[PDB]
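The structure file upload.txt is reproduced below (compact mmCIF, C-alpha atoms and all ligand atoms).
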# COMPACT_ATOMS: atom_id res chain seq x y z
CA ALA A 698 119.52 -68.83 56.04
CA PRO A 699 117.38 -66.42 58.07
CA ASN A 700 113.71 -66.34 57.07
CA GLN A 701 113.18 -62.59 56.65
CA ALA A 702 109.60 -62.95 55.40
CA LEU A 703 107.08 -60.38 56.61
CA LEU A 704 103.94 -61.46 58.47
CA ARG A 705 101.31 -58.79 57.83
CA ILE A 706 98.59 -58.26 60.44
CA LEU A 707 95.35 -56.90 58.99
CA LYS A 708 92.60 -54.91 60.69
CA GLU A 709 89.21 -56.63 60.80
CA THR A 710 87.54 -53.37 59.74
CA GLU A 711 89.21 -53.64 56.30
CA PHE A 712 87.23 -56.72 55.18
CA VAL A 717 80.63 -67.87 52.24
CA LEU A 718 82.66 -70.19 49.95
CA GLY A 719 82.91 -73.40 52.00
CA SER A 720 82.28 -74.93 55.44
CA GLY A 724 85.92 -74.38 59.50
CA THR A 725 84.40 -71.63 57.33
CA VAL A 726 86.16 -70.04 54.32
CA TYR A 727 84.51 -66.78 53.15
CA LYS A 728 84.87 -64.69 50.00
CA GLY A 729 85.27 -60.93 50.49
CA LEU A 730 87.11 -57.72 49.65
CA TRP A 731 90.17 -56.27 51.44
CA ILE A 732 90.27 -52.48 51.45
CA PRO A 733 93.46 -51.07 53.01
CA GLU A 734 92.93 -47.66 54.58
CA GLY A 735 93.98 -44.70 52.46
CA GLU A 736 95.00 -46.49 49.27
CA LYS A 737 92.04 -46.69 46.88
CA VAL A 738 92.32 -50.43 46.21
CA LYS A 739 89.86 -53.32 46.61
CA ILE A 740 91.43 -56.78 46.68
CA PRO A 741 89.30 -59.95 46.24
CA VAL A 742 90.37 -62.25 49.06
CA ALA A 743 89.45 -65.52 50.74
CA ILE A 744 88.99 -65.39 54.52
CA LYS A 745 89.52 -68.71 56.32
CA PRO A 753 94.43 -73.97 70.99
CA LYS A 754 95.13 -76.85 68.58
CA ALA A 755 93.25 -75.10 65.76
CA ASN A 756 95.10 -71.80 66.24
CA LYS A 757 98.50 -73.51 66.51
CA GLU A 758 98.08 -75.22 63.14
CA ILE A 759 96.70 -72.25 61.19
CA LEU A 760 99.67 -70.19 62.39
CA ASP A 761 102.02 -72.91 61.12
CA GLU A 762 100.18 -72.70 57.79
CA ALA A 763 100.48 -68.90 57.81
CA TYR A 764 104.21 -69.27 58.48
CA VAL A 765 104.67 -71.39 55.34
CA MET A 766 102.54 -69.24 53.03
CA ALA A 767 104.30 -66.06 54.17
CA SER A 768 107.67 -67.64 53.28
CA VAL A 769 106.81 -68.49 49.65
CA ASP A 770 106.50 -66.17 46.66
CA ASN A 771 106.02 -67.80 43.25
CA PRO A 772 103.51 -67.28 40.41
CA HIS A 773 102.30 -70.88 40.82
CA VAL A 774 102.03 -70.89 44.63
CA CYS A 775 99.13 -69.27 46.48
CA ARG A 776 100.19 -65.95 48.00
CA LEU A 777 99.43 -65.04 51.61
CA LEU A 778 98.13 -61.52 52.15
CA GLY A 779 98.06 -61.56 55.95
CA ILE A 780 96.28 -62.68 59.09
CA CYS A 781 93.66 -61.07 61.31
CA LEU A 782 93.88 -61.65 65.08
CA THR A 783 90.30 -61.98 66.33
CA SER A 784 88.44 -64.69 68.26
CA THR A 785 90.02 -67.22 65.90
CA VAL A 786 93.01 -66.47 63.68
CA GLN A 787 91.83 -65.83 60.12
CA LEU A 788 93.85 -66.65 57.01
CA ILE A 789 93.55 -63.98 54.31
CA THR A 790 94.74 -65.23 50.91
CA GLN A 791 94.17 -64.37 47.26
CA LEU A 792 90.70 -65.20 45.95
CA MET A 793 90.88 -67.81 43.19
CA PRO A 794 87.49 -67.29 41.50
CA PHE A 795 87.31 -70.61 39.61
CA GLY A 796 87.73 -72.82 42.68
CA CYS A 797 89.85 -75.92 43.05
CA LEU A 798 91.08 -77.75 39.96
CA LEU A 799 89.35 -80.98 41.01
CA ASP A 800 85.85 -79.50 40.88
CA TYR A 801 86.79 -77.52 37.76
CA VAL A 802 87.65 -80.52 35.57
CA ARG A 803 84.55 -82.35 36.82
CA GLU A 804 82.27 -79.39 36.10
CA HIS A 805 83.82 -78.59 32.70
CA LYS A 806 84.69 -82.03 31.29
CA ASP A 807 83.11 -81.34 27.90
CA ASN A 808 85.29 -78.24 27.42
CA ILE A 809 88.83 -79.02 28.66
CA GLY A 810 91.23 -79.22 25.74
CA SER A 811 94.63 -80.88 25.62
CA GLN A 812 96.36 -77.46 25.70
CA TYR A 813 94.87 -76.62 29.10
CA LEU A 814 95.63 -80.04 30.59
CA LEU A 815 99.28 -80.02 29.54
CA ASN A 816 99.73 -76.38 30.58
CA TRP A 817 98.31 -77.14 34.04
CA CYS A 818 100.87 -79.94 34.41
CA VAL A 819 103.65 -77.48 33.51
CA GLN A 820 102.49 -74.87 36.01
CA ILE A 821 101.98 -77.34 38.86
CA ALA A 822 105.47 -78.71 38.26
CA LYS A 823 106.86 -75.16 38.25
CA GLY A 824 105.23 -74.47 41.62
CA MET A 825 106.50 -77.73 43.11
CA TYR A 827 109.97 -73.72 43.49
CA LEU A 828 108.90 -75.39 46.75
CA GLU A 829 111.82 -77.80 46.33
CA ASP A 830 114.15 -74.82 45.90
CA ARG A 831 112.74 -73.57 49.22
CA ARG A 832 113.57 -77.01 50.70
CA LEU A 833 109.87 -77.46 51.42
CA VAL A 834 107.89 -80.72 51.27
CA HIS A 835 104.18 -80.22 50.60
CA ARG A 836 102.99 -83.69 51.77
CA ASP A 837 99.46 -83.08 50.43
CA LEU A 838 99.67 -82.37 46.69
CA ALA A 839 96.34 -83.19 45.03
CA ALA A 840 93.87 -81.83 42.50
CA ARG A 841 91.73 -80.50 45.36
CA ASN A 842 94.74 -78.45 46.55
CA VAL A 843 95.32 -76.68 43.21
CA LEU A 844 93.35 -73.46 42.82
CA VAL A 845 92.37 -71.76 39.56
CA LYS A 846 92.92 -68.00 39.28
CA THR A 847 91.99 -68.15 35.59
CA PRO A 848 91.68 -71.21 33.31
CA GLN A 849 95.17 -70.26 32.09
CA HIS A 850 96.74 -69.81 35.55
CA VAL A 851 96.68 -72.29 38.45
CA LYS A 852 98.47 -72.23 41.81
CA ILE A 853 99.25 -74.79 44.52
CA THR A 854 97.58 -74.28 47.91
CA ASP A 855 96.88 -75.98 51.26
CA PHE A 856 100.14 -76.03 53.25
CA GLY A 857 98.56 -77.51 56.38
CA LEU A 858 100.94 -80.48 56.12
CA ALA A 859 103.96 -78.69 54.65
CA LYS A 860 107.32 -79.20 56.36
CA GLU A 868 113.74 -86.66 54.45
CA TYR A 869 111.03 -85.84 56.98
CA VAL A 876 97.01 -88.44 55.80
CA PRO A 877 95.62 -88.98 52.28
CA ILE A 878 96.70 -92.57 51.63
CA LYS A 879 95.74 -92.69 47.95
CA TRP A 880 98.09 -89.80 47.07
CA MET A 881 101.12 -90.87 49.13
CA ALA A 882 104.25 -92.70 48.05
CA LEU A 883 104.78 -96.26 49.24
CA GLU A 884 107.65 -95.18 51.50
CA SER A 885 105.33 -92.61 53.10
CA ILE A 886 102.69 -95.22 53.92
CA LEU A 887 105.11 -97.83 55.28
CA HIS A 888 107.83 -95.71 56.92
CA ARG A 889 106.25 -92.22 57.27
CA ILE A 890 109.13 -90.84 55.17
CA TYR A 891 108.45 -87.72 53.10
CA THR A 892 110.83 -86.19 50.55
CA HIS A 893 110.57 -84.02 47.46
CA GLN A 894 110.46 -87.32 45.54
CA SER A 895 107.43 -88.40 47.58
CA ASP A 896 105.79 -85.20 46.35
CA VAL A 897 106.60 -86.43 42.83
CA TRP A 898 104.46 -89.50 43.53
CA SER A 899 101.59 -87.23 44.58
CA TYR A 900 102.21 -85.19 41.43
CA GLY A 901 101.71 -88.33 39.35
CA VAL A 902 98.41 -89.06 41.08
CA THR A 903 97.37 -85.42 40.60
CA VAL A 904 98.05 -85.61 36.85
CA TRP A 905 96.00 -88.82 36.78
CA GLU A 906 93.09 -86.93 38.34
CA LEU A 907 93.24 -84.28 35.60
CA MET A 908 93.56 -86.74 32.71
CA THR A 909 90.59 -88.75 34.01
CA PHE A 910 88.65 -85.45 34.38
CA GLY A 911 88.34 -85.88 38.15
CA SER A 912 88.06 -89.62 38.81
CA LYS A 913 88.71 -90.86 42.33
CA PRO A 914 91.99 -92.83 42.55
CA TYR A 915 91.44 -96.47 43.53
CA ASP A 916 87.70 -95.81 43.62
CA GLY A 917 86.06 -98.34 45.91
CA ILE A 918 89.29 -99.82 47.27
CA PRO A 919 89.59 -99.02 51.00
CA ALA A 920 92.65 -97.10 52.15
CA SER A 921 93.93 -99.96 54.31
CA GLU A 922 94.52 -102.13 51.23
CA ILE A 923 96.39 -99.48 49.22
CA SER A 924 99.67 -100.52 50.87
CA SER A 925 99.27 -104.14 49.76
CA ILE A 926 98.28 -103.18 46.21
CA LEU A 927 101.25 -100.89 45.58
CA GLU A 928 103.60 -103.57 46.91
CA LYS A 929 102.32 -106.20 44.46
CA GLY A 930 103.14 -103.84 41.56
CA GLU A 931 99.69 -102.52 40.63
CA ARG A 932 99.17 -98.88 39.65
CA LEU A 933 96.42 -96.54 38.51
CA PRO A 934 95.11 -97.41 35.03
CA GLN A 935 96.00 -95.56 31.85
CA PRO A 936 93.46 -92.76 31.28
CA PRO A 937 91.60 -93.08 27.96
CA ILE A 938 92.81 -89.74 26.56
CA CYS A 939 96.46 -90.42 27.44
CA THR A 940 99.01 -91.49 24.88
CA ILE A 941 101.68 -93.85 26.17
CA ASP A 942 104.02 -90.83 26.30
CA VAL A 943 101.92 -89.13 28.99
CA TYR A 944 101.10 -92.33 30.88
CA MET A 945 104.79 -93.31 30.94
CA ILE A 946 105.55 -90.10 32.84
CA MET A 947 102.94 -90.97 35.49
CA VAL A 948 104.33 -94.50 35.82
CA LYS A 949 107.81 -93.07 36.39
CA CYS A 950 106.36 -91.00 39.26
CA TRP A 951 105.15 -94.24 40.88
CA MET A 952 108.43 -96.17 41.03
CA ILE A 953 109.47 -97.89 44.26
CA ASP A 954 112.93 -96.33 44.04
CA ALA A 955 112.30 -92.68 44.91
CA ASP A 956 115.52 -91.50 43.24
CA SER A 957 114.44 -93.18 39.98
CA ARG A 958 111.33 -90.99 39.83
CA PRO A 959 111.69 -87.83 37.71
CA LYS A 960 112.51 -84.48 39.25
CA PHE A 961 110.13 -81.53 39.08
CA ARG A 962 112.57 -79.63 36.85
CA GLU A 963 112.48 -82.55 34.40
CA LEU A 964 108.67 -82.73 34.49
CA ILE A 965 108.64 -79.05 33.51
CA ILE A 966 110.78 -79.83 30.47
CA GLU A 967 108.79 -82.90 29.40
CA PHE A 968 105.32 -81.38 29.71
CA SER A 969 106.53 -78.16 28.04
CA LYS A 970 107.59 -80.09 24.93
CA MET A 971 104.22 -81.85 24.83
CA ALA A 972 102.39 -78.55 25.32
CA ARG A 973 103.88 -77.38 21.99
CA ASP A 974 101.92 -80.14 20.19
CA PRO A 975 99.09 -81.07 22.56
CA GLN A 976 96.96 -83.18 20.19
CA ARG A 977 99.98 -85.45 19.65
CA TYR A 978 99.95 -86.46 23.33
CA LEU A 979 96.31 -86.17 24.47
CA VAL A 980 93.45 -87.58 22.39
CA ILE A 981 90.24 -85.79 23.38
CA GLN A 982 87.06 -85.86 21.32
CA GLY A 983 86.19 -82.39 20.07
CA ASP A 984 89.66 -81.06 20.93
CA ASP A 1009 89.28 -49.82 41.90
CA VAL A 1010 89.45 -53.62 42.02
CA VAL A 1011 93.04 -54.90 41.99
CA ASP A 1012 94.03 -58.57 41.95
CA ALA A 1013 96.46 -59.60 44.67
CA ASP A 1014 99.15 -60.41 42.07
CA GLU A 1015 99.21 -56.70 41.15
CA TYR A 1016 99.16 -55.39 44.75
CA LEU A 1017 102.87 -55.79 45.49
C1 LIG A 1101 88.10 -78.03 45.90
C2 LIG A 1101 87.32 -76.87 46.44
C3 LIG A 1101 87.25 -75.38 46.32
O1 LIG A 1101 88.35 -75.02 46.11
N1 LIG A 1101 86.10 -74.50 46.22
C4 LIG A 1101 86.11 -73.09 45.84
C5 LIG A 1101 87.24 -72.30 45.92
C6 LIG A 1101 87.21 -70.97 45.56
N2 LIG A 1101 88.38 -70.11 45.62
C7 LIG A 1101 89.27 -70.06 46.76
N3 LIG A 1101 90.18 -69.07 46.85
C8 LIG A 1101 90.99 -69.02 47.87
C9 LIG A 1101 90.93 -69.94 48.83
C10 LIG A 1101 90.02 -70.94 48.76
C11 LIG A 1101 89.96 -72.01 49.84
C12 LIG A 1101 90.95 -72.19 50.64
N4 LIG A 1101 90.64 -73.23 51.51
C13 LIG A 1101 89.31 -73.65 51.12
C14 LIG A 1101 88.43 -74.64 51.59
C15 LIG A 1101 88.81 -75.54 52.76
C16 LIG A 1101 87.18 -74.76 50.93
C17 LIG A 1101 86.81 -73.93 49.86
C18 LIG A 1101 87.68 -72.98 49.42
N5 LIG A 1101 88.94 -72.82 50.04
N6 LIG A 1101 89.20 -71.00 47.72
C19 LIG A 1101 86.04 -70.42 45.09
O2 LIG A 1101 86.00 -69.08 44.71
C20 LIG A 1101 84.92 -68.78 43.90
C21 LIG A 1101 84.91 -71.19 45.00
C22 LIG A 1101 84.94 -72.52 45.37
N7 LIG A 1101 83.71 -73.27 45.27
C23 LIG A 1101 82.72 -73.03 46.30
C24 LIG A 1101 83.46 -74.20 44.20
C25 LIG A 1101 83.16 -75.55 44.85
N8 LIG A 1101 81.73 -75.77 44.88
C26 LIG A 1101 81.32 -76.38 43.63
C27 LIG A 1101 81.41 -76.65 45.99

Hey, can you dump this file as structure tokens for me?
Ligand SMILES: *CCC(=O)Nc1cc(Nc2nccc(-c3cnc4c(C)cccn34)n2)c(OC)cc1N(C)CCN(C)C
Amino acid sequence: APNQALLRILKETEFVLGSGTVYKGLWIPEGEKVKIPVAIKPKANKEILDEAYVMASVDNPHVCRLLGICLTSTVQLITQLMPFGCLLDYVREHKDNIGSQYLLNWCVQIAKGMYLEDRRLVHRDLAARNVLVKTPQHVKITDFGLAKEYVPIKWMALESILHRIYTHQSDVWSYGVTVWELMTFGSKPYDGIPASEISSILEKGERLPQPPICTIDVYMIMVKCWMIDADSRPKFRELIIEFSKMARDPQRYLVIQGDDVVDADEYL
């Protein structure tokens, strides 16, 4: 099928978060009285254009939307500003305030976004750092610098480490690790263990431990994402169904103590 997506080129005259350098700013298209909060981000240019290609070809409420590119000294990525940052730093900074409702709803939304399978698109870098927070009730998947059967070792499936094979089911493995990051409130997977030994550990049968707040119901879903047989791992459509049921009774599945500005989503 022909990819009829539109690549919008933005004037520099129409415009620091992290350090390349990603900046926070406002996009003001000429004429229309609208201010849009945005994030402004030969080998370097070739890869950011590949990333712009992917983001321009996706359109889903749980996938970061591309607004356009600006052709200056270096090509700039202009995307929607997610004011609450990445989900990894968010759960670390707000441990003592994340309830079971938010955790289970985030798992639903991330599984919904991983739409990417409908687009026949493999992310190859799903992680808590690559999930941005528009609002505490709305997260989106980002970072398509590795998007493409067809590197962060501690998030990859065993077949990806041994044979460099990436499928939608290898993304399911990374989804399981990402859920583990949220349920541990931002712990580092295999903390201390060097990356070179991850291949030997997964082969012996060892996995990430059961997070303290996780009932066996939730931890069983993560274990199923970490099976050797990729086709035995659950599908993203099934993970949507499972986490949705649990989100209707969150305290039964997570045990936690004490439980003219226009946004880009409205500039269509
Ligand atoms: C895990 C880090 C992080 O996401 N920090 C962050 C993100 C904000 N929002 C936002 N919106 C759109 C695009 C980005 C973005 C895209 N690529 C990057 C990189 C490589 C680094 C940082 C942001 N990127 N981000 C945001 O908006 C307020 C703030 C932050 N922080 C600065 C919080 C992290 N801080 C505690 C270090």

Shell of 12 Å around residue A:904, all atoms listed in the file, local chain residues under 3 positions omitted, as an MDAnalysis selection string
chainID A and resid 798:799 802 814:822 838:841 843 880 897:901 907:912 914 933 935:936 939 943:948 950:951 964 968

Kindly provide, as a ChimeraX atom specification, all nucleotide and amino acid residues lying within 7 Å of ligand LIG 1101 (chain A), counting all atoms listed in the file.
/A:718-720,726,728,742-743,745,790-800,841-842,844,855

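From atom CA of residue A:836 back to atom CA of residue A:885, the distance works out to 9.3 Å.
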
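The shortest atom-to-atom distance to residue A:739, with only C-alpha atoms taken into account, belongs to A:1012 out of A:1012, A:831, A:701, A:978.
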
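As for atom CA of residue A:1014 and atom CA of residue A:853, they are spaced 14.6 Å apart.
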
At a cut-off of 7 Å, using only C-alpha atoms, what residues contact residue A:856? Leave out same-chain residues fewer than 2 positions from it and give the result as a ChimeraX atom specification.
/A:762,765,835,854,858-859

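With all atoms listed in the file as the atoms that count, the residue of A:949, A:850, A:806, A:754 with the shortest distance to residue A:981 is A:806.
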
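Between atom CA of residue A:966 and atom CA of residue A:931 there is a distance of 27.2 Å.
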
Dig up all the protein and nucleic acid residues within 12 Å of (105.8, -69.9, 59.3) in the file frame, using all atoms listed in the file, and format them as a PyMOL selection string.
chain A and resi 700-704+757-769+777+779-780+833+856-857+859-860
